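Worksheet: the structure to be examined is printed underneath.
Naming convention: chains lettered A, B, ... in sequence-line order (proteins, then strands); numbering from 1 in each chain. Below, all heavy atoms of this structure are taken into account, side chains as well, without hydrogens, waters or symmetry copies. In each ligand, atom 1 is the first atom listed, and ligand 1 is the first ligand listed.
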Amino acid sequence: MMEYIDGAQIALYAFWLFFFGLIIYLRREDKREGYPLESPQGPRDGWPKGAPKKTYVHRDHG
Amino acid sequence: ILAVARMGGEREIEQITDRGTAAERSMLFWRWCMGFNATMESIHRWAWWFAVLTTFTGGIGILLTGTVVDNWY
Amino acid sequence: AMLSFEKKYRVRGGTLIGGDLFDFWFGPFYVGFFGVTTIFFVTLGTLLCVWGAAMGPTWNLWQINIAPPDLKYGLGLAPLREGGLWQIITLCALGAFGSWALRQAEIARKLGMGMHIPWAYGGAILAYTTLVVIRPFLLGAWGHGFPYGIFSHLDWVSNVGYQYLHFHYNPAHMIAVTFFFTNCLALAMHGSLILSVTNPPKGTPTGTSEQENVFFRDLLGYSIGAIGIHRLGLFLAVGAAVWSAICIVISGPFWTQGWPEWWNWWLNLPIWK
Amino acid sequence: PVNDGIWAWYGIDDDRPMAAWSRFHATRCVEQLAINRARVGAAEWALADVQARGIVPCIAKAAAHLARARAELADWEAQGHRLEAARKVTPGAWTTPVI
Amino acid sequence: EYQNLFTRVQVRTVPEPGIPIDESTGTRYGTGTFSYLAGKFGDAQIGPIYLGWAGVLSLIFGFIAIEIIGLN
Amino acid sequence: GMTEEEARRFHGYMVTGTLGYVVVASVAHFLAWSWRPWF
Amino acid sequence: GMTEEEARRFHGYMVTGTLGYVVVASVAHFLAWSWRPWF
Amino acid sequence: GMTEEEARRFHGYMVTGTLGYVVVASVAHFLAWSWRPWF
Amino acid sequence: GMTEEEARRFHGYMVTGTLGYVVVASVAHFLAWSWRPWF
Amino acid sequence: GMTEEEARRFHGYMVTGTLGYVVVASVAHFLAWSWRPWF
Amino acid sequence: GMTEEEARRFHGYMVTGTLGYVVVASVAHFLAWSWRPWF
Amino acid sequence: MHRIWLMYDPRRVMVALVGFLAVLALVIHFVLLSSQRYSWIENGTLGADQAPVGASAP
Amino acid sequence: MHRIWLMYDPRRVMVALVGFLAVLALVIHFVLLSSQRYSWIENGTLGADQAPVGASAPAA
Amino acid sequence: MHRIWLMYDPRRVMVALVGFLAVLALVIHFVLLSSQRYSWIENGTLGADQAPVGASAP
Amino acid sequence: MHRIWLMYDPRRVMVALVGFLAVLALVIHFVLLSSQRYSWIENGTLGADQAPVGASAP
Amino acid sequence: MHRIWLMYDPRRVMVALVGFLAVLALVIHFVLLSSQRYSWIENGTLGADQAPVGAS
Amino acid sequence: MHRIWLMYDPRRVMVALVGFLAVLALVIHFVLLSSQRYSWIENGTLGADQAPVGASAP
Amino acid sequence: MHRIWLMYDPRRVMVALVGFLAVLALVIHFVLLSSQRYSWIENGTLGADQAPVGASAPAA
Amino acid sequence: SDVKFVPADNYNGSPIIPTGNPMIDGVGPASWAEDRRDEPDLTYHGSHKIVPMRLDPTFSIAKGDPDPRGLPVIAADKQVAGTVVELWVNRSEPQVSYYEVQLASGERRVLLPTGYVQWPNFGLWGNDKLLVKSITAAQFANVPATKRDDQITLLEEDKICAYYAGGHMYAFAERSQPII
Ligand SMILES: CCCCCCCCCCCCCC(=O)OC[C@H](COP(=O)(O)OCC(O)COP(=O)(O)OC[C@@H](COC(=O)CCCCCCCCCCCCC)OC(=O)CCCCCCCCCCCCC)OC(=O)CCCCCCCCCCCCC
Ligand SMILES: CCCCCCCCCCCCCC(=O)OC[C@H](COP(=O)(O)OCC(O)COP(=O)(O)OC[C@@H](COC(=O)CCCCCCCCCCCCC)OC(=O)CCCCCCCCCCCCC)OC(=O)CCCCCCCCCCCCC
Ligand code: BCL
Ligand code: BCL
Ligand SMILES: CC[C@H]1c2cc3[nH]c4c(c3C)C(=O)[C@H](C(=O)OC)c4c3nc(cc4[nH]c(cc(n2)[C@@H]1C)c(C(C)=O)c4C)[C@@H](C)[C@@H]3CCC(=O)OC/C=C(\C)CCC[C@H](C)CCC[C@H](C)CCCC(C)C
Ligand SMILES: COC(C)(C)C/C=C/C(C)=C/C=C/C(C=O)=C/C=C/C(C)=C/C=C/C=C(C)/C=C/C=C(\C)CC/C=C(C)/C=C/C=C(\C)C(=O)O
Ligand SMILES: COC(C)(C)C/C=C/C(C)=C/C=C/C(C=O)=C/C=C/C(C)=C/C=C/C=C(C)/C=C/C=C(\C)CC/C=C(C)/C=C/C=C(\C)C(=O)O
Ligand SMILES: COC(C)(C)C/C=C/C(C)=C/C=C/C(C=O)=C/C=C/C(C)=C/C=C/C=C(C)/C=C/C=C(\C)CC/C=C(C)/C=C/C=C(\C)C(=O)O
Ligand SMILES: COC(C)(C)C/C=C/C(C)=C/C=C/C(C=O)=C/C=C/C(C)=C/C=C/C=C(C)/C=C/C=C(\C)CC/C=C(C)/C=C/C=C(\C)C(=O)O
Ligand SMILES: CCCCCCCCCCCCO[C@@H]1O[C@H](CO)[C@@H](O[C@H]2O[C@H](CO)[C@@H](O)[C@H](O)[C@H]2O)[C@H](O)[C@H]1O
């Protein structure tokens, strides 16, 4: 049987894969405003590339 | 938000739908401080995930204790 | 690079020390005089941490351990192998954390913002300064500081706790824990409310301050308002760190027995002694 | 209490009706007379504005607010007269009149 | 420099929110009120609560749980 | 952005510094090897 | 962005540099195997 | 967005790259197998 | 900004200062090696 | 900022303060050496 | 704000006060050295 | 099945595939490297009959 | 049956399906790899008669 | 093949690639330098038959 | 080959290069200084025949 | 070298230099003060042949 | 030398100086009070021959 | 060679250089002062025949 | 010139220098979001969110707070700027959003956001004048106008708040300089 690999180690790497995926998601969200960046060399996106700028629909009132 | 509240920065929904100088200054402060920034919306996602992951990772650690690992040291 | 709206904001002014001399940016980062001092203390402190790892038994990130001196050295600098390196790194860390706070003030001044962020960070600096300066100084030896090591400082926390037999009974610690837990609850509620009005189900208009106030009102029974939840979040998060600093400074300098026997005053109130 | 605030806990209260001479009550009275006359002026300007634009339920409240501003002013004028009478009969009081 | 840490001037409104947004089934319990102390730090209105069926049952089940603990 | 003439001019210095640095490092390695060879 | 002609020019450099790097790494593995084989 | 022509052209390279990758993996597994089989 | 003449004038000071500092460091190492050599 | 003639005048004082400070330090070191040599 | 004349006046006091302080402190050291010398 | 590249942007899919393969290869290599039988950096030079094997039924 | 794709966007479903299958496959492999009987990396070369078996009824 | 550079900015890919290769090379070297057999700084002068080997089956 | 400096600003590349080589140089020196064989501050005056060697196989 | 002050206006950097020197002097004194050989507050009267040497 | 006061506001310099000297005096007194030889509040009446001295070289 | 100062502002290259040298100089001194052989404050008066030399254990 | 600022020099990361008056042009801390929507912010029920209290009869000052109307406003240079004559309230979350100040000179009325007003003793007593540290009494004359006297657009809210935000740097030439 596997001596070194155990269920706590497996679960921890499952979390790390999820968590880095989450940080990527959050950094895409962070870039909906102010991007692409202005620079002397032209537009810059950084990484990851930002999600598009989002339009909001207001209500018709009552 | 308190630091930009005089510029209307606490009206966070309008700063999200209709970005004002209070949002821009908030983004620039953190960008100039630590080299990256959120938005007025996305800071609330960072907030939401940090709080949620506190108890979610907690529960996993409890479930592993005494079932998979009996001596964590 | 710059955000699409940024260039307009990059004026001179708002510095505390250097005037125009250091009043420039490096990529996204504002420099300033305290940017220069930050990078000095960060680089020196980091390279001394790497030297501590080099002369220790392993490079394993979790096991690196730069320990303070023995208590017998009192308030002197020990030999560098014997804890003096920890003492130099502690001076660098104080220099870095202080420089970071003052740099944030220069940035806030340049943007016309209030000084809230520098002071809120002062709550964390206070807690660090309590652990490595104020409490060791009141106990009379720098060796009372915590070791710099990702898990070895957790061994320190464990042993300091059991120095008082049952640290959960520390009354300031109960308050500090209550603030940390209340803060995490409040953060989840505030984060959820803003996202729920800005990201309603598909085919629903964007929400309003009225809806989040109505929802918040029947959650807690009262409406806190937009400024109120940010005041509360700042109060809870910074208040946790302040009560943390209190709970550790009373342990040892002012109280020495087990913490459970501190509660003897409550049992002896004369209405029920 | 808005004016003395925390000092009302220690019994400093320079708003209370006073009929003997008191330089502290006279000081408070002179400050509050100016503020309340400005406040009456603003109240009747606001009535004139809201009458001009004609909104009936707002005209009602603007008149009610103006009446309250006049009444609050009249209390300070009464305080001013008491102190001014006491000034004339009391040695070492002010030479400049109250009200 | 004003720190914006507490509110020196509150304003009352005589009609009030607290009558909810359009909400359908269940009932709004109580009438809205203002606390001057709540108004110092945050918004002043202390006011109506919604339960519905799930809120009522939650309080009944929870009260029994609290009673059993306290009585023991 | 640079003219291609400016890129050409910069590239000459960049190659020359890289070569110089590699030479100094090569001497440094052979001194280290002579004193305490790692294979 | 690039024209297809610029994309073709870059591809030549990219493939050549990639294969060059693999050749240098191939000599590194030849030397390492001759010093201390891992199978 | 791709035309269906560009999609169908890109698909050819993708199938070819996948095949090249599976070939290398197959050789690698047979080298691994003949050195230390796992069944 | 600064002109090529200003850049050239600054460079002359900058190179000289570097080389003077390196010379002073050389004598410091000569002294230290005399006191307690490290190889 | 200051003019060159101001900078020359300031430099004259700054150099002299530096020499004064170094002289006091030099006497301090020689007193210390006389008391307790470190080599 | 300040002037050559104003600066000269203040400098006279600042120098005098500093030197006066150092004189009194030197007498304290004389007394301390007489009581319990440190070398 | 090329309409999958109309369904999904190939620039995103191909980065997803590269990331997937990178993670999966690293997982498998580190699992094997943590075993006894395939700890090849320490023991790769052992012959197939000398390599470790886990215990049988008794 | 095909009107299921009118209820559900196939572009969401295929991602959700691939996610489920990848999770499920990894869960089953690691559950087996943790077992005695099927720890195939260390014991895969054992014949079926000599692979481990959980203990039978103990006559307690 | 060159149309891949119409899908991806070569300036971005080259930065990505150098980042990947730098990390990967550092990881492989540190794995080897952690090992017994390839602690080359301490034991690199040993002959190939003197270098450590992991345990066999008994 | 100079057109690499048209794809990348030399001002940025030299910052990246100075940063990279500074870190790499400090890494290698501290790694060697942590070793037994190359702890040259304590042991640099030992001859090659006198310097440590990591334990060989039995 | 006087042209240095045309880069670095002295009124903005004297408090920098002086702050650097004051901290550096304090560090050196505290390093000496708790060495065995130079703990002059406790042992300054000993004289050089009696003062400690930290030999191995 | 007096033109230094045209660079710096004496009102601020005198505060910074007095603060510095107050801290410095307080530190030097505390260093002496914490010593053995100069802990004068307890041992100040001892004659200079009687006062403590640190250990010599063995 | 001098056009490096058209690429970079000399006012802040000099700041970054001086800071680097100060950090480097302090590190090397603290490293040497940590060693036994070069702990010069405690042992600087020892001649080179008395100065420490580190060795590995013989373990014969 | 139709550009509000220029680079201090050619190097990357250098500050910009305003070409005119920064408080008026909107550079640095005086900037506003220049593309912000020029429409009133609305309540849930679709009425104007921020209005003079004169036009909503449901509102009043709470018991126990000072009434700010009739108080003198003391500017950064300790001169009286004017008198508060009206309050503007946020109707979605009951607040005073702006004080409206009758200027002592030239007889404009200008808005003053409540986040720029300090009460004398942190409000603990006195409560008889309003302190505005950000701008001088002269600078009050240039506070951006509101194109109607009964509503304010999101763009105008940004212009007005930005004008006082710029005063912490530009109200006096000394405020840009360091403390040493
Ligand atoms: C367990 C619970 C944890 C809980 C705590 C969790 C913390 C999570 C938050 C921190 C991570 C986010 C940091 C961040 O986003 O910074 C912005 C930066 C660049 O921003 P950009 O907008 O995309 O691009 C700007 C660029 O286009 C133009 O800028 P400019 O031309 O002016 O300057 C050049 C850039 C060059 O970039 C860099 O130098 C990158 C520096 C290092 C990036 C982060 C590496 C990983 C962490 C640090 C490891 C080295 C640390 C010593 O210069 C800059 O932009 C510098 C500004 C960014 C400085 C970021 C400093 C972050 C420090 C984080 C410390 C974490 C400590 C744990 O982003 C990036 O470079 C890419 C970041 C990608 C997300 C990170 C997660 C990746 C997960 C793994 C996925 C697979 C591999 C990527
Ligand atoms: C890690 C700890 C935890 C903390 C962990 C978290 C760390 C967070 C930081 C992470 C890195 C952030 C990087 C960043 O933000 O960069 C912004 C910058 C801006 O790009 P740009 O705006 O487009 O371009 C700027 C450039 O065009 C103009 O620069 P400037 O003129 O303003 O400033 C000059 C620079 C430095 O100049 C040079 O380096 C070149 C000097 C001439 C070289 C000549 C050849 C030499 C050959 C050898 C000959 C030799 C013989 C002669 O510096 C300044 O003046 C600015 C002030 C610097 C900061 C103040 C320093 C104060 C003093 C203390 C210094 C202590 C020592 C550092 O971006 C770039 O330049 C491109 C990206 C550069 C990446 C740099 C980092 C690479 C690290 C790689 C490590 C990889 C490990 C796996
Ligand atoms: C000697 C003591 C042990 C220790 C033992 C434990 C144990 C045991 C646990 C933790 C857990 C936690 N510990 Mg620990 N912990 C120690 C040292 C520390 C230190 C420190 C500085 O030393 C810190 C900061 C922490 C921090 C933490 C948290 C991160 C974590 C709890 C998260 C949370 O939100 O919980 C607070 C949130 C909740 C409990 C969720 C509650 C939600 C429910 C729905 C609320 C119901 C309310 C109900 C309606 C009302 C009831 C009324 C009454 C019936 C009257 N521990 C040491 C090592 N710690 C937990 C964890 O996750 O571990 C992995 C845990 O179980
Ligand atoms: C007032 C203008 C000058 C001044 C003018 C003089 C004159 C004139 C004489 C001295 C003399 C002396 N001064 Mg002087 N002196 C000043 C400032 C100082 C300061 C200082 C910290 O600033 C110090 C330490 C001294 C110290 C000294 C001594 C070296 C010396 C005599 C002993 C002494 O200390 O008397 C105590 C004095 C002080 C601690 C401070 C000064 C007090 C007052 C202002 C002067 C007293 C002079 C004394 C009564 C002698 C009178 C001589 C007859 C009139 C002929 N002076 C100011 C700046 N000084 C005398 C000398 O040369 O003797 C050898 C002398 O004749
Ligand atoms: C993300 C992690 C953090 C988290 C989040 C979180 N907690 C939450 C929420 C969120 C997002 C909620 O929305 C929910 C909530 O309602 O918040 C106000 C909740 C909540 N978090 C709670 C507590 C809590 N959270 C904690 C922690 C955490 N909460 C984490 C730090 C802790 C800790 C640290 O120990 C506690 C104690 C509650 C306040 C609340 C859930 C309330 C609940 O479920 O109540 C059930 C009901 C009862 C126990 C019964 C009460 C009985 C009455 C007193 C009886 C009165 C008489 C009655 C009227 C009789 C019936 C008659 C009928 C006819 C009417
Ligand atoms: C512990 O073991 C571990 C660490 C784990 C093992 C692993 C190690 C690994 C993975 C190592 C990898 C190393 C590596 C990989 O490639 C290393 C690569 C190194 C390289 C390439 C170095 C290059 C250096 C180049 C230099 C110095 C250039 C200097 C240039 C100069 C001086 C001129 C500047 C220009 C001028 C003056 C022009 C102005 C005129 C202008 C502008 C005009 O005229 O216009
Ligand atoms: C035990 O440890 C564990 C970790 C467990 C073991 C396992 C490890 C594993 C799984 C490893 C996997 C590795 C791997 C997998 O794929 C590795 C893949 C590596 C790859 C792809 C390397 C590719 C390198 C390519 C290079 C260097 C290209 C250089 C190009 C150059 C120089 C040209 C630059 C352009 C120019 C000059 C044009 C300018 C002009 C222009 C633009 C003009 O003119 O326009
Ligand atoms: C523990 O062991 C570890 C630490 C691990 C071991 C490893 C160590 C390592 C890796 C070390 C690396 C070291 C290194 C690498 O390169 C070191 C490189 C050092 C260098 C480059 C030093 C350069 C110094 C230059 C100086 C001092 C310049 C002075 C200039 C002056 C005085 C004049 C300025 C001009 C003026 C005033 C004119 C104005 C006129 C104007 C404006 C006009 O006229 O306009
Ligand atoms: C293990 O680590 C450890 C143990 C620590 C070991 C390692 C230690 C190390 C590495 C130490 C390094 C030390 C160092 C390195 O450089 C130290 C460098 C020191 C230096 C530079 C000292 C310089 C001092 C200069 C002074 C005092 C000048 C004063 C000038 C004055 C007073 C005049 C002011 C001007 C006037 C009056 C005119 C106004 C006129 C005007 C305005 C007009 O006329 O207009
Ligand atoms: C502050 C006085 C108490 C501490 C004295 C310290 C001990 C030294 C005593 C020296 C005598 C008194 O100190 C002496 O006073 C005079 C007059 O006030 C100062 O004189 C100073 O102010 C006068 C004002 O008229 C200027 O004209 C003159 O140019 C300037 O130097 C001297 O600079 C100072 O040296």
Side-chain angles (χ1 to χ4, degrees), chain A residues 39-41, chain B residues 35, chain C residues 1 22 24-29 31 35-37 39-40 42-44 46, chain F residues 17 21, chain G residues 2 6 9-10 13-14 16-18 20-22, chain I residues 18, chain J residues 2 6 9-10 12-18 20-22, chain L residues 21-22 25-26 29-30 33 41, chain N residues 10-11 14 17-24 26-28 31-32, chain O residues 1 3-4 6-7 9 11-24, chain P residues 10-11 14 17-18 20-21 24 27-28 31, chain Q residues 1-4 6-7, chain R residues 4 7-9 11-20 22-26 29-30 32-33 41, chain S residues 11-14:
Chain A
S39 89
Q41 303 109 27
Chain C
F22 310 99
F24 69 87
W25 289 256
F26 180 70
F29 298 101
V31 188
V36 169
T37 65
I39 299 301
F40 175 89
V42 169
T43 310
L44 182 59
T46 304
Chain F
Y21 182 86
Chain G
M2 288 191 154
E6 287 160 317
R9 186 175 71 235
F10 180 75
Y13 286 103
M14 183 65 186
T16 307
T18 304
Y21 178 80
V22 176
Chain I
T18 303
Chain J
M2 53 161 57
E6 287 143 41
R9 191 179 71 217
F10 179 76
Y13 285 103
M14 193 70 190
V15 167
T16 301
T18 306
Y21 177 83
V22 168
Chain L
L21 294 175
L26 285 169
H29 285 89
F30 276 115
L33 191 69
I41 294 176
Chain N
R11 187 187 57 73
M14 284 299 301
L17 181 58
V18 166
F20 162 79
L21 297 175
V23 175
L24 179 61
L26 290 171
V27 168
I28 297 179
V31 176
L32 292 165
Chain O
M1 193 156 64
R3 301 191 308 295
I4 193 64
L6 304 180
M7 185 159 60
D9 184 334
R11 294 176 288 192
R12 294 175 63 86
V13 182
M14 292 168 77
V15 171
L17 182 63
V18 164
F20 172 75
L21 298 176
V23 167
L24 182 64
Chain P
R11 84 204 78 240
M14 295 298 94
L17 173 65
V18 171
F20 173 86
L21 292 177
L24 181 60
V27 169
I28 297 163
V31 170
Chain Q
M1 294 173 69
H2 62 280
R3 299 192 213 87
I4 196 171
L6 306 181
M7 294 205 299
Chain R
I4 194 63
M7 295 219 302
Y8 299 108
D9 178 359
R11 297 169 297 197
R12 59 217 207 197
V13 174
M14 285 301 291
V15 169
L17 178 65
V18 168
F20 169 72
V23 171
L24 184 67
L26 286 169
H29 287 85
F30 287 124
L32 291 165
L33 195 60
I41 292 178
Chain S
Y11 297 111
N12 292 161
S14 291

| task | Examine the side chains of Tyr13(G) and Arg3(O) and answer whether a donor and an acceptor come within less than 3.5 Å of each other. | result | yes

Nearest non-hydrogen contact to atom 3 (C) of ligand 2 from the set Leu26(N), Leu17(R), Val42(C), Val23(N) belongs to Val42(C)

shortest atom 9 (C) of ligand 9-to-protein heavy-atom contact is with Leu26(R) CD2, 4.5 Å

- Is there any N or O on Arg12(O) that sits under 3.5 Å from an N or O of ligand 2? yes

> Would a search of protein heavy atoms around atom 28 (C) of ligand 7 find one under 4.0 Å away?
Replying inline: yes

shortest atom 19 (C) of ligand 7-to-protein heavy-atom contact is with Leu21(N) CD2, 3.8 Å

* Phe26(C): heavy atom below 4.0 Å from ligand 2, yes or no? -> yes

Note: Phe29(C), heavy atoms under 4.0 Å from ligand 2, region reported as side chain

The protein heavy atom nearest to atom 36 (C) of ligand 9 is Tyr13(J) CB, 3.8 Å

* Between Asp9(R) and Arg12(R), is a salt bridge (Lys or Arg N to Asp or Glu O under 4.0 Å) present by the stated rule, with each step listed? -> CA-CA 6 Å; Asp9(R) 178 359; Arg12(R) 59 217 207 197; 3.5 Å; yes

Among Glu6(J), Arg3(Q), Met1(Q), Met7(Q), the residue with a heavy atom nearest to atom 41 (C) of ligand 9 is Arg3(Q)

Note: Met14(O), heavy atoms under 4.0 Å from ligand 2, region reported as side chain

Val36(C) heavy atoms within 4.0 Å reach ligand 2 at atoms 62 (C)

Ligand 2 to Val13(R), heavy atom cutoff 4.0 Å, flagged ligand atoms 55 (O)

* Asked: Just to confirm, does any protein heavy atom lie below 4.0 Å from atom 36 (C) of ligand 2?
  -> no

Quiz item: Between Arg9(J) and ligand 9, is there a nitrogen or oxygen pair with a distance under 3.5 Å?
Solution: yes

How about atom 32 (C) of ligand 9: does it have a protein heavy atom within less than 4.0 Å?
no

Flag: protein heavy atom within less than 4.0 Å of atom 38 (C) of ligand 9
yes

One finds that the ligand 2 atoms under 4.0 Å from a non-hydrogen atom of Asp9(R) are 31 (O)

Nearest heavy atom to atom 25 (C) of ligand 9, choosing from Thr18(J), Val18(R), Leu24(R), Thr16(J), belongs to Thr18(J)

Here the gap from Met14(P) atom CE to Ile4(Q) atom CD1, rounded to the nearest 0.5 Å, amounts to 9.0 Å

Among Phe10(G), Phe30(L), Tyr21(G), the residue with a heavy atom nearest to atom 35 (C) of ligand 7 is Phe10(G)

